[PDB]
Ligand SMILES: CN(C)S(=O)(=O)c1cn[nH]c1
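Just the one chain here, laid out as structure tokens, in the form solved without this ligand.
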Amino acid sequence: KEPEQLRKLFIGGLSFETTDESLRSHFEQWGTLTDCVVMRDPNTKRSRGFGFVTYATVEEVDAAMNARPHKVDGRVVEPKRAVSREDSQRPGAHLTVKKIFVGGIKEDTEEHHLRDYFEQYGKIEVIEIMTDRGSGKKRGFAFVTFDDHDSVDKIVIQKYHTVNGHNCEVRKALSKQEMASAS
């Protein structure tokens, strides 16, 4: 058994009439659901337009994500890896992005180093090992852009990432302005 958090998917854009039962009825087509629920307003009991489905195994979760697009109750919904309550606190933790910031990479880090660790998550579109525009010095971080936002999500939910022999920190890439707006 893997952690509950890694076996759970967030399902956004739920139709106004989607219920625990209709949600379950759709996603069970890809595996055993150990949990399924539509978040509602504790007051009006009105649906908040989002929910969560949790499979018995991450393998089933991967099958579901490979089954996109998902149309539930006549509405195309938006499934995403479930981000923990703790991480949902960080700026832009719920953004749909295809690029990741990789910080703490050794000076002698080359692109092949990044590929040997990251390709396992999805198709890589661009790899950028950052250097100072002027001195040519290596700055110790890179940007890796994927073909699918789910690749990035599968990555940021894990804790450790080993590149060029040592762990590195991976975050969703925030724009220059999003960086400022967060600072």
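Note that residue numbering follows the sequence shown and begins at 1.
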**Message:** Using a one-third cut-off over the other compared PDB entries, is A93 one of the residues left without coordinates?
**Reply:** yes
**Prompt:** Per the PDB record, is the mean Cα temperature factor higher over 102 to 110 or over 74 to 82?
**Reply:** 102 to 110
**Complete:** Quick note on 145 to 153 and 124 to 132: per-entry mean CA temperature factor is higher in 124 to 132
**Message:** Which third, lowest, middle or highest, does the C-alpha temperature factor of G31 belong to within its own chain?
**Reply:** highest
**Fill in**
Split the chain's modelled residues into thirds by Cα B-factor; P69 lands in the middle
**Message:** By the recorded C-alpha temperature factor, relative to the other modelled residues in its chain, which third is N164 in?
**Reply:** middle
**Asked** According to the PDB entry, is the CA B factor of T44 in the bottom, middle or top third of its chain, that is, lowest, middle or highest?
**Response** highest
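This protein has a second form, the form deposited with this ligand bound, left out of what is shown; the following refers to that one.
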**Asked** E28: heavy atom within 4.5 Å of this ligand in the entry with it bound?
**Response** no
**Asked** Does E119 reach this ligand in the entry with it bound if we count a contact as any heavy atom within 4.5 Å?
**Response** yes
**Message:** So in the entry with it bound, is this ligand close enough to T34 to count as touching (4.5 Å, heavy atoms)?
**Reply:** no
**Asked** Taking this ligand in the entry with it bound, which residues along 151 to 170 bring a heavy atom to within 4.5 Å of it?
**Response** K154
